[PDB]
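> I am sharing protein.cif, which consists of mmCIF, C-alpha atoms (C1' of nucleotides) and all ligand atoms:
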data_coords
#
loop_
_atom_site.label_atom_id
_atom_site.label_comp_id
_atom_site.auth_asym_id
_atom_site.auth_seq_id
_atom_site.Cartn_x
_atom_site.Cartn_y
_atom_site.Cartn_z
CA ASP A 3 70.86 65.25 27.39
CA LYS A 4 73.60 67.87 26.89
CA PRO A 5 76.53 67.16 29.29
CA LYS A 6 76.47 69.15 32.52
CA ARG A 7 79.44 71.49 32.80
CA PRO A 8 82.44 69.96 34.63
CA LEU A 9 83.14 70.45 38.32
CA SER A 10 85.48 73.36 38.89
CA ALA A 11 88.70 72.88 40.89
CA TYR A 12 87.05 75.10 43.50
CA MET A 13 83.90 72.94 43.72
CA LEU A 14 85.87 69.71 43.61
CA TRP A 15 87.73 70.91 46.70
CA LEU A 16 84.64 72.30 48.44
CA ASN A 17 82.81 68.97 48.09
CA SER A 18 85.78 67.35 49.80
CA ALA A 19 86.03 70.11 52.41
CA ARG A 20 82.33 70.60 53.26
CA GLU A 21 82.22 68.31 56.32
CA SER A 22 85.43 69.86 57.62
CA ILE A 23 84.03 73.38 57.29
CA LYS A 24 80.89 72.26 59.05
CA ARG A 25 82.79 70.59 61.88
CA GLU A 26 84.73 73.86 62.51
CA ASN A 27 81.57 75.99 62.22
CA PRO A 28 78.78 74.26 64.19
CA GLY A 29 75.28 75.10 62.94
CA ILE A 30 76.77 76.98 59.99
CA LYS A 31 74.43 77.98 57.14
CA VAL A 32 74.83 76.77 53.55
CA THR A 33 75.38 80.43 52.64
CA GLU A 34 78.04 80.87 55.35
CA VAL A 35 79.75 77.61 54.36
CA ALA A 36 80.16 79.10 50.91
CA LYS A 37 81.68 82.27 52.32
CA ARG A 38 83.95 80.22 54.56
CA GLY A 39 84.78 77.85 51.72
CA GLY A 40 85.90 80.90 49.81
CA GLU A 41 88.18 82.09 52.63
CA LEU A 42 89.89 78.71 52.74
CA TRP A 43 90.06 78.58 48.96
CA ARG A 44 91.63 82.04 48.63
CA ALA A 45 94.09 81.09 51.39
CA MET A 46 95.06 77.74 49.88
CA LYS A 47 98.28 78.58 48.00
CA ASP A 48 98.89 75.13 46.53
CA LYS A 49 95.71 74.21 44.66
CA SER A 50 97.59 71.69 42.47
CA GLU A 51 95.57 68.66 43.57
CA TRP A 52 92.24 70.31 42.72
CA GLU A 53 93.52 71.94 39.56
CA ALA A 54 94.82 68.51 38.45
CA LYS A 55 91.43 66.93 39.06
CA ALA A 56 89.44 69.74 37.44
CA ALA A 57 91.79 69.26 34.44
CA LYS A 58 90.80 65.61 33.98
CA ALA A 59 87.15 66.41 34.71
CA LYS A 60 87.50 68.90 31.87
CA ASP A 61 88.84 66.23 29.57
CA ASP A 62 85.97 63.91 30.56
CA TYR A 63 83.49 66.72 29.89
CA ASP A 64 85.09 67.33 26.50
CA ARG A 65 84.67 63.64 25.60
CA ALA A 66 81.03 63.70 26.72
CA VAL A 67 80.61 66.79 24.55
CA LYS A 68 82.18 64.97 21.61
CA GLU A 69 79.80 62.03 22.07
CA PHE A 70 76.76 64.27 22.47
CA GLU A 71 77.37 66.25 19.30
CA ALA A 72 78.06 63.46 16.85
CA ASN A 73 75.37 60.89 17.63
CA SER B 2 70.25 60.68 24.65
CA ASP B 3 67.23 59.04 22.94
CA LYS B 4 66.36 55.62 24.44
CA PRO B 5 63.34 55.41 26.81
CA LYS B 6 63.88 57.03 30.22
CA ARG B 7 64.00 54.43 32.97
CA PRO B 8 60.58 54.04 34.71
CA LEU B 9 60.16 55.60 38.17
CA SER B 10 59.97 53.54 41.35
CA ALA B 11 56.90 53.62 43.60
CA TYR B 12 58.71 55.98 45.94
CA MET B 13 59.76 58.44 43.23
CA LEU B 14 56.28 58.52 41.73
CA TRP B 15 54.90 59.26 45.16
CA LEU B 16 57.51 61.94 45.94
CA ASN B 17 57.14 63.70 42.63
CA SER B 18 53.39 63.86 43.26
CA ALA B 19 53.77 64.96 46.87
CA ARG B 20 56.72 67.39 46.57
CA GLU B 21 54.70 70.59 46.02
CA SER B 22 52.40 69.54 48.86
CA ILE B 23 55.31 68.96 51.26
CA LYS B 24 56.74 72.30 50.12
CA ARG B 25 53.65 74.35 50.93
CA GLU B 26 53.31 72.53 54.27
CA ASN B 27 56.85 73.71 55.17
CA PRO B 28 57.42 77.13 53.60
CA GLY B 29 61.00 77.48 52.41
CA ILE B 30 61.85 73.79 52.88
CA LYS B 31 65.04 72.99 50.89
CA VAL B 32 65.25 70.06 48.47
CA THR B 33 67.44 68.05 50.80
CA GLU B 34 64.80 68.57 53.49
CA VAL B 35 62.02 67.65 51.05
CA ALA B 36 63.94 64.41 50.46
CA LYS B 37 64.52 63.88 54.17
CA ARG B 38 60.79 64.50 54.70
CA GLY B 39 59.94 62.19 51.81
CA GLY B 40 61.80 59.34 53.44
CA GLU B 41 59.81 59.95 56.61
CA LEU B 42 56.41 59.85 54.95
CA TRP B 43 57.40 56.88 52.82
CA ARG B 44 58.78 54.76 55.74
CA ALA B 45 55.50 55.43 57.61
CA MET B 46 52.95 55.07 54.79
CA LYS B 47 50.24 52.53 55.64
CA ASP B 48 49.53 51.45 52.11
CA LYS B 49 51.95 51.66 49.22
CA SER B 50 49.93 49.37 46.94
CA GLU B 51 48.45 52.14 44.85
CA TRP B 52 51.92 53.59 44.33
CA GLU B 53 53.30 50.14 43.52
CA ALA B 54 50.65 49.55 40.83
CA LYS B 55 51.59 52.86 39.25
CA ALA B 56 55.24 51.84 39.38
CA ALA B 57 54.39 48.46 37.82
CA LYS B 58 52.41 50.19 35.09
CA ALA B 59 55.27 52.61 34.44
CA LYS B 60 57.57 49.61 34.11
CA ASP B 61 55.21 48.04 31.55
CA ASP B 62 55.01 51.17 29.42
CA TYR B 63 58.78 51.29 29.66
CA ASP B 64 59.42 47.66 28.68
CA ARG B 65 56.97 48.24 25.83
CA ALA B 66 58.75 51.46 24.88
CA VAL B 67 62.00 49.56 24.81
CA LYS B 68 60.68 46.85 22.49
CA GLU B 69 59.54 49.51 20.02
CA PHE B 70 62.97 51.19 20.22
CA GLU B 71 64.73 47.89 19.56
CA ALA B 72 62.03 46.73 17.14
CA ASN B 73 64.16 47.44 14.03
CA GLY B 74 67.15 46.02 15.88
"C1'" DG C 1 79.55 65.14 42.37
"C1'" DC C 2 76.85 66.51 46.68
"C1'" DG C 3 73.34 66.88 49.82
"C1'" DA C 4 68.85 64.28 51.21
"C1'" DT C 5 65.24 60.41 50.59
"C1'" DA C 6 64.40 55.61 48.03
"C1'" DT C 7 64.63 51.54 43.97
"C1'" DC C 8 66.60 49.17 39.85
"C1'" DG C 9 69.99 46.88 36.83
"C1'" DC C 10 69.54 49.52 28.93
"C1'" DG D 1 78.80 50.30 43.94
"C1'" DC D 2 76.79 53.63 41.38
"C1'" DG D 3 74.27 56.59 38.06
"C1'" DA D 4 69.54 57.30 36.72
"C1'" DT D 5 65.29 59.10 38.41
"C1'" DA D 6 63.22 63.88 40.88
"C1'" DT D 7 64.63 68.03 42.76
"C1'" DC D 8 67.98 72.32 42.41
"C1'" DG D 9 71.41 75.54 44.57
"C1'" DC D 10 76.46 75.13 45.03
NA NA E 1 63.62 53.02 53.64
#
Please go through the file and, once you have read it, give me the structure as structure tokens.

Amino acid sequence: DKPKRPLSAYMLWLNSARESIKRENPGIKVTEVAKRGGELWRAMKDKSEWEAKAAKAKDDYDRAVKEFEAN
Amino acid sequence: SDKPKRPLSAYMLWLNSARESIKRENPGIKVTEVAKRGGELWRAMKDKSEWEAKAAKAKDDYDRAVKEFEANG
DNA sequence: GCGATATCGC
DNA sequence: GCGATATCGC
């Protein structure tokens, strides 16, 4: 099993912000959540927390890649 | 990424076999809804025994598969 | 990961 | 507790 690609900083945030978006948009569609998630993401000026996490997730992915390639 | 895949539970064997059925009975049903629906059918199923035997047999093939894999140590 | 259900302890 | 096990976009 080849490692799945790492979660992006965008997706890391979205996972954490999905209930919030749904609370503020009752009955909202998965498709519309994505569009909304993008509005909030483009608006969020300080993405440091998510960029920091995506950075480590990248490192983890790299290590899983290392382990998958050599044995 | 080479050892035997863990054997499937009675519920997963049933769902895998019923998925396409559930999907055609609810056109467009999403996977999360197929799962939701799976839980419903499973909690209500009168007799799981056939599914449990299949799960038990999958476990046996698995335990066997694991002995072969660890046979040379 | 998560959403959506449900087991099992390589 | 959680990832694996199925599924499968996001
Ligand atoms: Na249950």
> Which residues are close to range 54-59 of chain B, i.e. within 8 Å by only C-alpha atoms (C1' of nucleotides), leaving aside same-chain residues fewer than 2 positions away? Reply as a ChimeraX atom specification.
/B:8-11,14,50-52,61-63
> May I ask for the distance between CA of residue 32 in chain B and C1' of residue 7 in chain D, given in Å to one decimal place?
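These two atoms are separated by 6.1 Å.
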> Could you please select, counting only C-alpha atoms (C1' of nucleotides), the residues of chain A within 12 Å of chain D and state them as a ChimeraX atom specification?
/A:9-10,12-14,16-17,20,32-37,39
> In Å, with one decimal, what is the gap from CA of residue 64 in chain B to atom NA of ligand NA 1 (chain E)?
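Interatomic distance, CA of residue 64 in chain B to atom NA of ligand NA 1 (chain E): 25.9 Å.
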> Please identify every residue of chain A that has at least one atom no farther than 12 Å from an atom of chain B, counting only C-alpha atoms, and for each give the shortest atom pair and the distance in Å to one decimal, arranged by chain then increasing number, as CSV.

residue,atom,partner,partner_atom,distance
A:3,CA,B:2,CA,5.4
A:4,CA,B:2,CA,8.2
A:5,CA,B:2,CA,10.1
A:32,CA,B:31,CA,10.8
A:66,CA,B:2,CA,11.4
A:69,CA,B:2,CA,10.0
A:70,CA,B:2,CA,7.7
A:71,CA,B:2,CA,10.5
A:72,CA,B:2,CA,11.4
A:73,CA,B:2,CA,8.7
> Given all atoms listed in the file, how would the per-residue table for chain B near chain D read, listing every residue at most 12 Å away with its closest atom pair and distance in Å to one decimal, sorted by chain and number, as a Markdown table?

| residue | atom | partner | partner_atom | distance |
| --- | --- | --- | --- | --- |
| B:5 | CA | D:4 | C1' | 11.8 |
| B:6 | CA | D:5 | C1' | 8.6 |
| B:7 | CA | D:4 | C1' | 7.3 |
| B:8 | CA | D:5 | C1' | 7.8 |
| B:9 | CA | D:5 | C1' | 6.2 |
| B:10 | CA | D:5 | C1' | 8.2 |
| B:11 | CA | D:5 | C1' | 11.3 |
| B:12 | CA | D:6 | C1' | 10.4 |
| B:13 | CA | D:6 | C1' | 6.9 |
| B:14 | CA | D:6 | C1' | 8.8 |
| B:15 | CA | D:6 | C1' | 10.4 |
| B:16 | CA | D:6 | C1' | 7.9 |
| B:17 | CA | D:6 | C1' | 6.3 |
| B:18 | CA | D:6 | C1' | 10.1 |
| B:19 | CA | D:6 | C1' | 11.2 |
| B:20 | CA | D:7 | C1' | 8.8 |
| B:21 | CA | D:7 | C1' | 10.8 |
| B:24 | CA | D:7 | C1' | 11.6 |
| B:30 | CA | D:7 | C1' | 12.0 |
| B:31 | CA | D:8 | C1' | 9.0 |
| B:32 | CA | D:7 | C1' | 6.1 |
| B:33 | CA | D:7 | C1' | 8.5 |
| B:34 | CA | D:7 | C1' | 10.7 |
| B:35 | CA | D:7 | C1' | 8.7 |
| B:36 | CA | D:7 | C1' | 8.5 |
| B:39 | CA | D:6 | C1' | 11.5 |
> Could you dump the residues just selected with C-alpha atoms as a PDB file, keeping the file's coordinate frame?

ATOM      1  CA  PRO B   5      63.340  55.410  26.810  1.00  0.00           C
ATOM      2  CA  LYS B   6      63.880  57.030  30.220  1.00  0.00           C
ATOM      3  CA  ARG B   7      64.000  54.430  32.970  1.00  0.00           C
ATOM      4  CA  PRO B   8      60.580  54.040  34.710  1.00  0.00           C
ATOM      5  CA  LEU B   9      60.160  55.600  38.170  1.00  0.00           C
ATOM      6  CA  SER B  10      59.970  53.540  41.350  1.00  0.00           C
ATOM      7  CA  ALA B  11      56.900  53.620  43.600  1.00  0.00           C
ATOM      8  CA  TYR B  12      58.710  55.980  45.940  1.00  0.00           C
ATOM      9  CA  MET B  13      59.760  58.440  43.230  1.00  0.00           C
ATOM     10  CA  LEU B  14      56.280  58.520  41.730  1.00  0.00           C
ATOM     11  CA  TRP B  15      54.900  59.260  45.160  1.00  0.00           C
ATOM     12  CA  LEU B  16      57.510  61.940  45.940  1.00  0.00           C
ATOM     13  CA  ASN B  17      57.140  63.700  42.630  1.00  0.00           C
ATOM     14  CA  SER B  18      53.390  63.860  43.260  1.00  0.00           C
ATOM     15  CA  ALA B  19      53.770  64.960  46.870  1.00  0.00           C
ATOM     16  CA  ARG B  20      56.720  67.390  46.570  1.00  0.00           C
ATOM     17  CA  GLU B  21      54.700  70.590  46.020  1.00  0.00           C
ATOM     18  CA  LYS B  24      56.740  72.300  50.120  1.00  0.00           C
ATOM     19  CA  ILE B  30      61.850  73.790  52.880  1.00  0.00           C
ATOM     20  CA  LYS B  31      65.040  72.990  50.890  1.00  0.00           C
ATOM     21  CA  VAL B  32      65.250  70.060  48.470  1.00  0.00           C
ATOM     22  CA  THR B  33      67.440  68.050  50.800  1.00  0.00           C
ATOM     23  CA  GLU B  34      64.800  68.570  53.490  1.00  0.00           C
ATOM     24  CA  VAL B  35      62.020  67.650  51.050  1.00  0.00           C
ATOM     25  CA  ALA B  36      63.940  64.410  50.460  1.00  0.00           C
ATOM     26  CA  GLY B  39      59.940  62.190  51.810  1.00  0.00           C
TER      27      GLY B  39
END
> Which distance in Å separates CA of residue 59 in chain A and CA of residue 15 in chain A, to one decimal?
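So the two atoms, CA of residue 59 in chain A and CA of residue 15 in chain A, lie 12.8 Å apart.
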> Counting all atoms listed in the file, name the residues that have an atom within 8 Å of an atom of ligand NA 1 (chain E); the answer should be given as an MDAnalysis selection string.
(chainID B and resid 40 43:44) or (chainID C and resid 6)
> Enclose range 31-38 of chain A, meaning all of its atoms listed in the file, in a box aligned along x, y and z, pad it by 6 Å on each side, and list the centre and edge lengths in Å to one decimal, as AutoDock Vina command-line options.

--center_x 79.2 --center_y 79.5 --center_z 54.0 --size_x 21.5 --size_y 17.5 --size_z 18.2
> Just range 43-58 of chain B from the block, N, CA and C atoms, as a compact mmCIF listing (two decimals), in the first residue's frame, could you?

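The resulting decode-v3.txt:
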# COMPACT_ATOMS: atom_id res chain seq x y z
N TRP B 43 -28.46 -3.75 9.36
CA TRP B 43 -27.76 -4.59 10.31
C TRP B 43 -28.40 -4.62 11.74
N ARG B 44 -28.74 -3.47 12.31
CA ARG B 44 -29.35 -3.47 13.65
C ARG B 44 -30.68 -4.23 13.67
N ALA B 45 -31.38 -4.24 12.54
CA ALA B 45 -32.68 -4.91 12.39
C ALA B 45 -32.68 -6.38 11.89
N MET B 46 -31.58 -6.82 11.31
CA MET B 46 -31.52 -8.15 10.75
C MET B 46 -31.90 -9.27 11.73
N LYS B 47 -32.87 -10.08 11.32
CA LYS B 47 -33.36 -11.19 12.12
C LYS B 47 -32.28 -12.22 12.42
N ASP B 48 -31.59 -12.66 11.38
CA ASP B 48 -30.59 -13.67 11.58
C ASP B 48 -29.23 -13.35 10.99
N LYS B 49 -28.25 -13.15 11.86
CA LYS B 49 -26.91 -12.84 11.40
C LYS B 49 -26.03 -14.09 11.27
N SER B 50 -26.51 -15.22 11.78
CA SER B 50 -25.74 -16.45 11.79
C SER B 50 -25.04 -16.84 10.50
N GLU B 51 -25.65 -16.62 9.35
CA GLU B 51 -24.98 -16.99 8.13
C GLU B 51 -23.78 -16.07 7.94
N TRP B 52 -23.98 -14.79 8.24
CA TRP B 52 -22.92 -13.80 8.10
C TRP B 52 -21.82 -14.04 9.12
N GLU B 53 -22.19 -14.53 10.30
CA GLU B 53 -21.19 -14.82 11.33
C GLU B 53 -20.32 -16.02 10.95
N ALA B 54 -20.92 -17.02 10.31
CA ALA B 54 -20.17 -18.20 9.87
C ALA B 54 -19.14 -17.76 8.83
N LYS B 55 -19.57 -16.89 7.92
CA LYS B 55 -18.67 -16.41 6.89
C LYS B 55 -17.53 -15.63 7.51
N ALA B 56 -17.84 -14.89 8.58
CA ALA B 56 -16.83 -14.09 9.26
C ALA B 56 -15.86 -15.04 9.96
N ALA B 57 -16.40 -16.08 10.60
CA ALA B 57 -15.59 -17.08 11.29
C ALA B 57 -14.70 -17.80 10.29
N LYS B 58 -15.24 -18.12 9.11
CA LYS B 58 -14.42 -18.78 8.11
C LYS B 58 -13.34 -17.85 7.57
